[PDB]
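Given next are two forms of a protein chain, the same chain in both, each as structure tokens and marked structure 1 or structure 2.
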Structure 1
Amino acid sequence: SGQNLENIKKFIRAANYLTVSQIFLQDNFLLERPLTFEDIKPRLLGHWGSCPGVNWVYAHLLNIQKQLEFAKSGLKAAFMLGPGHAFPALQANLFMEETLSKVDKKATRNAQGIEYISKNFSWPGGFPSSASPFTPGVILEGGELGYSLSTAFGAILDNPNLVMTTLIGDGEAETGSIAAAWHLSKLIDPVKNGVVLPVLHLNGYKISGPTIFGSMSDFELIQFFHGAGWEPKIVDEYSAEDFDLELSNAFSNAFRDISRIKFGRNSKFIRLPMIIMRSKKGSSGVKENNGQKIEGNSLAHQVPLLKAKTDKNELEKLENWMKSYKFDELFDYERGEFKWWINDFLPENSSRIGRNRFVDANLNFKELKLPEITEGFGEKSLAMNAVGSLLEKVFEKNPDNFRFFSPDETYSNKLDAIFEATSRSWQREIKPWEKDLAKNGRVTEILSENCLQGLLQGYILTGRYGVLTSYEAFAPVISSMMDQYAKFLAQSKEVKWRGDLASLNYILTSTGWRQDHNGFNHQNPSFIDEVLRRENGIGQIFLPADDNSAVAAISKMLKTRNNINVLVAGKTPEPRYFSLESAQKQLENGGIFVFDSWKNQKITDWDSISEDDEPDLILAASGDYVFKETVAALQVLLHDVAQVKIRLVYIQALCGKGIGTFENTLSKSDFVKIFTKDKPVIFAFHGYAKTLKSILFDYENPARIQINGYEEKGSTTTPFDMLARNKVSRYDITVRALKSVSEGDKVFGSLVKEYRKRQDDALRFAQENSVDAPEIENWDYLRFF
């Protein structure tokens, strides 16, 4: 180890030297001639305070891996960077090993490469300042802090030979997402899956002040993490030999992991180890500047020497800083390459940390096999039951790359049919009266919506499949996390060596239109608006009409790649309108159904519509609950006024580019064919009225379109009262249609009075009896089977 210990010091010294070169230097990288004012970048950008901590961890992980390969191999280690602002330290480590040269040819480990990476850091058109899809071996960007611990647990599933080492800052540990994720070890079995190894950087400071975790003593830190289900060890820089103590720390930790993953002699809960390291922020850099305590203080976070290009005394400080690392003893200047010491340090080439086989996709991604599609039976359509039955067969046909995530809502959402094939993962004691709990369950449930999102994206980014479901009103809790993932997808489209991934799928049910045991607090359809705002061909919403439409919607979602999808439907018995055999699947090529009521003619070809025969009024809807009110309103209008020709339209899908899907998006010319150039359009929507207004802005004549939807008005009451409160009931729609057609008061004045009276009677019945009126309860609806 004595020869090994000294070799690690050379690796850390060289990594530190290259980190400084990328931040400051524009020329004279090897320091052959004295530094001047022309060898400094015009704008200094980047961060330095946390960079020395990254260099320490990466070098010690490389030494451990070589020991593992020497005897009793099998375990492959990876690296996760939580503090994404420490990217220049990560770039240097991927350069000293030949990982970077496999993607970019100009990044060869010679004098030409040193100038290339140093000059192009943070340069316009060069490398970015933070982690991104352009860096090999990267799955977490780390921009918005707090989503590292949960993502590591998601990429560690079904990979028994992967050990993921994730670095978390002490400031980042104060986030709610990190605080909840410490209990994730109580639901995941580390024998059939891998092991997550977290490292707490604990440099003591945030941007401009101390940290909560830095103020705690040694006794407090051990007690807290030992109560969270871990085994922490503490190493601090205020000791005799930091590198010697760090070496024994990482060695003894990996020893525990091997003595636990292969013996399998434990049936109770396990205690995974973790590392807490304490160090001075910005170590080995500038100590003081104007007597202001740069090192060991929050002032080392960003660039320390701000005026190195203008101040003579700052230029000197930078030169003495870099000359502290004796780079001429590690690099051969005449040849232009490292000395022989580096090849001894990392002799094995296939299993280098930055090219891990388990973490990297394109080596594990496989197609998903879909079972046959069967119709639904009965008089009442139950959308959630049909989807739950289809997902049960998917679990059987793909026993290795499918998983399900929910915040204890699968029973409430009527999706428990998936429990005939698997259970819920649980590593603690199980009671005799408890059911559906197993150690190897493929469904993970926890009340933290952020932890569930982290596990799902860790699974998909490694090359697997998964689905997440929850209450619709509580989806916006993870709006920011979805946005960060959406930025990963758009950037990855410009990388030629990335490949393909499965899409992110959401099932949202138990909407606010039918919240019976709850009230106003559970009605918030804002998440689907957030998804539609991405503008790089990302974001699709499915709005099924019945159970037949639902099963082919989830089937289409499971076949799409590199996107984000959301499904919204109810869970209560509902009328069934369409047949699955041919009608409903044909709708999916466009996602719109058109019915011409005055001739009982269904339309599927948009070019058969004739200008000679057009409706006097168009009734439209999007959403199962608002479609039922629209069909009922058409029945009332067909009975009373026969001269008014009405065209019925339902929209099953919406995308960020317009109406329909990305594969088949409705054009502007077709929109004029369906909706006449100048005719009233009454449109009822499942969500906010402004969400649809933004989409319909780019279509023809938006002045004549009346849009109604949820308006943040409701309480605990009957389902009909909720529709009438927001003015989307059947009698609300039929009054609006009469007003729009002609004058609206010539003969329909008496009809408007009668329909208003009917609505008044129904609301009065509910108040007295707490039950919907028999006229609406036993309504006979239309069907297009």
Structure 2
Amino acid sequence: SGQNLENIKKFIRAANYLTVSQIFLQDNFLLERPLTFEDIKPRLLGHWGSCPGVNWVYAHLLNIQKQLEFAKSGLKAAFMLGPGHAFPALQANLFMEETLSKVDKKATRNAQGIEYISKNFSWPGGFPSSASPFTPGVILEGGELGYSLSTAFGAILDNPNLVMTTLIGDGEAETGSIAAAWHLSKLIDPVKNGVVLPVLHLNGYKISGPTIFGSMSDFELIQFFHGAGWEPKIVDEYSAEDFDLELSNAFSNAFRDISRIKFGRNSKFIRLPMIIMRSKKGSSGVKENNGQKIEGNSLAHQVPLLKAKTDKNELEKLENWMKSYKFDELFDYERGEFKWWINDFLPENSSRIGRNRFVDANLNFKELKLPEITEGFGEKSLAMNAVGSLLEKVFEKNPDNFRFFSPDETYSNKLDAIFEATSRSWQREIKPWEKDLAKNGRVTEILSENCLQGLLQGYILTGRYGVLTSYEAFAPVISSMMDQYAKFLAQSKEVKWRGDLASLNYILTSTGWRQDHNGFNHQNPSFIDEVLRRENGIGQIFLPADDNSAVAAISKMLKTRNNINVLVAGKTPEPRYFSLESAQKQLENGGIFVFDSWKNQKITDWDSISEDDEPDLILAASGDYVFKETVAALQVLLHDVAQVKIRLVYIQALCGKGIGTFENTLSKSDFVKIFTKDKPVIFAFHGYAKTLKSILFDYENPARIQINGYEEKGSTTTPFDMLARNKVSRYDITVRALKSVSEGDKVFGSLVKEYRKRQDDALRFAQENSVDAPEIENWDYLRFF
């Protein structure tokens, strides 16, 4: 114990020394000669206040892992860093562990490695100032605060004997996501999945002020964290005779309780332990400077000596601070290597914190077994039921690497068929009249969308599969956090040892065009714009036409890696236009369907399109309801005049690089063939008009393309009134097509008046009877298969 404690103290001292050397020094890293003004970095970037807590937690975790390995237990520990601004200290904890030496050859544990890791911190072309995928064993960026407990819970599923210790700052704990994630222990069974160990760094200060949790006493914190499903233990630096002994006792007790919980079963609810660690912010640093308080104050957040390159007293303070660590007793200056204590302290390579096998995606990724797609049919299209049946088959075929997440909307979205295979995860009591609740359920349901997104991202980044479904309007709640994930993917594109990962799959349904029980608060198609905004080859939206297109698309997204895909489709009975082979060929051609109505010819290959024979007008649609309105308008236009030639175009997929998919994106020359250079193009969009305008900016002649979308209007009314309020009903589409072609009002005016009268009569019937007119409800639509 005493030799053990001495080894932890030496490890902490060395980690602190390399942290300060990373922050300040650019030369004379070993301090063999007195410090001058030429051995200081020109710009003193970085942070210091949270580093000592990171060092203490990492060293105690290494000691605990060594003890567990001696006990011959199967538990493997991993570390998660919430405060991503404390990156350099963690870097030091890797350098003396030799994890970084397995990735970079220049980071060997010697004097050259010390110089390499000290000079290149925050340097242009060196290591970044924050956590990144370039760091081994890192899955959470920590830049945007929060999203730390949910990702830790998501990485623990289906990975027993894995203990993930995550560090959460007290200022970060004031966010909504962290506050909501405390209840995630009521839905996950730790015996068959694993244990998450939370440590709260209660330094007491934010960037420039005290914290909410730092103001609370010990009694209030105990009651708050025991009101949820946690068992908290508090250790404070201000009153402890020996801080490291208390930290060792707390970690040993927590891991003993974890081992006791794993070995055995209990027919009740579990209470995972957690550690609150209170310490002075920026401990073991400069105490005072220019009469102000640094240690134990919010002024230690950034660097505490901003003028060390020009002020003599600041340089003396920095030199004394670095010499307080006594690096001569740990390092060996003669040979340039560490002494014999570091080999005694560290365990073997297979059982170290930074090289956990359960967290790595290279040792856990497997292919997904796709069942045969059965394109069953009835009388009307029900895309959500078919998607649920296919996901039920997927759940049957892959019983270890597939999961489902939803914010209590599985029945409302017509995806309940998946309950024929698996139940919903629930660790609390079940009443006899309740159904679909089990401890080992593979569906997790909670109203906090942030927790669901964190669980999905943790499960995917560990190396497995998942799909998250939701309403379309409530998606942007997890908008910004999703963008963070995208950055990770971009930062994984330049790393040669990361490996492949499953795609991030969203199923957004119950769109605003058919919200019957709610009005104007459940219609917000802005999530797809945020998905399409990113430009690092990430972002795909799938726009099915019927149930066959829906099952083809949901089969396509499960075969894609390292991307983000969103599928938006309705859940109401709908007409059917395409069979299985036509839908599959359309998806393999990008997702564009072209039809000529004056000759009744479907075109699925862009070759053999006649230049001598071109359409007079183009009607294009994107989305199921707008496609129904477009085909109804095309039917009316074929009935009435039939002298002009109309080409019908439907788009099934959109990507950040243009029209179609990333693998097969429509080019600038095929757009000219599909869409004629000068003919008008009336376009109906499921979402905002500017979302399509941004994509169509880069294509040929954007002046003639009229685009109509949601336009942010509507209330609780009939579906036809909802379509007519935003000028995307069939009659206004026909009016626009008549006015866009030839003179318009000169010859086709009376038809415009007749169509407006028909729309007025339909709206009057809907207003008077609260149901749609029988002319629209019993409409006879077109067929293509």
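Sequence positions of structure 1, starting at 1, serve as the residue numbers. Rigid core (definition): largest C-alpha set, two forms, superposition within 1.5 Å.
task: Once the rigid core is lined up, just say which one of 245, 417, 636, 234 has a C-alpha that travels 2 Å or more between structures 1 and 2.
output: Residue with a C-alpha shift of 2 Å or more: 245.
query: When you overlay the rigid core, is the Cα of residue 534 off by 2 Å or more between structures 1 and 2?
result: Where the cores coincide, residue 534 shows only a C-alpha shift between structures 1 and 2 that is less than 2 Å.
message: Using the rigid core as the reference frame, would you say residue 581 shifts its C-alpha by 2 Å or more between structures 1 and 2?
response: After core superposition, the displacement of the residue 581 C-alpha between structures 1 and 2 reaches the 2 Å mark, so yes.
field: CA of residue 262, rigid core aligned, shift of 2 Å or more between structures 1 and 2
entry: Comparing the forms between structures 1 and 2, which are aligned on their rigid core, residue 262 does shift its C-alpha by 2 Å or more.
Following rigid core superposition, Cα shift of residue 606 between structures 1 and 2 in Å: A shift of 1.0 Å at the C-alpha.
- prompt: Cα shift of residue 218 between structures 1 and 2 after core superposition, in Å?
  reply: Its C-alpha moves by 0.9 Å once the cores are overlaid.
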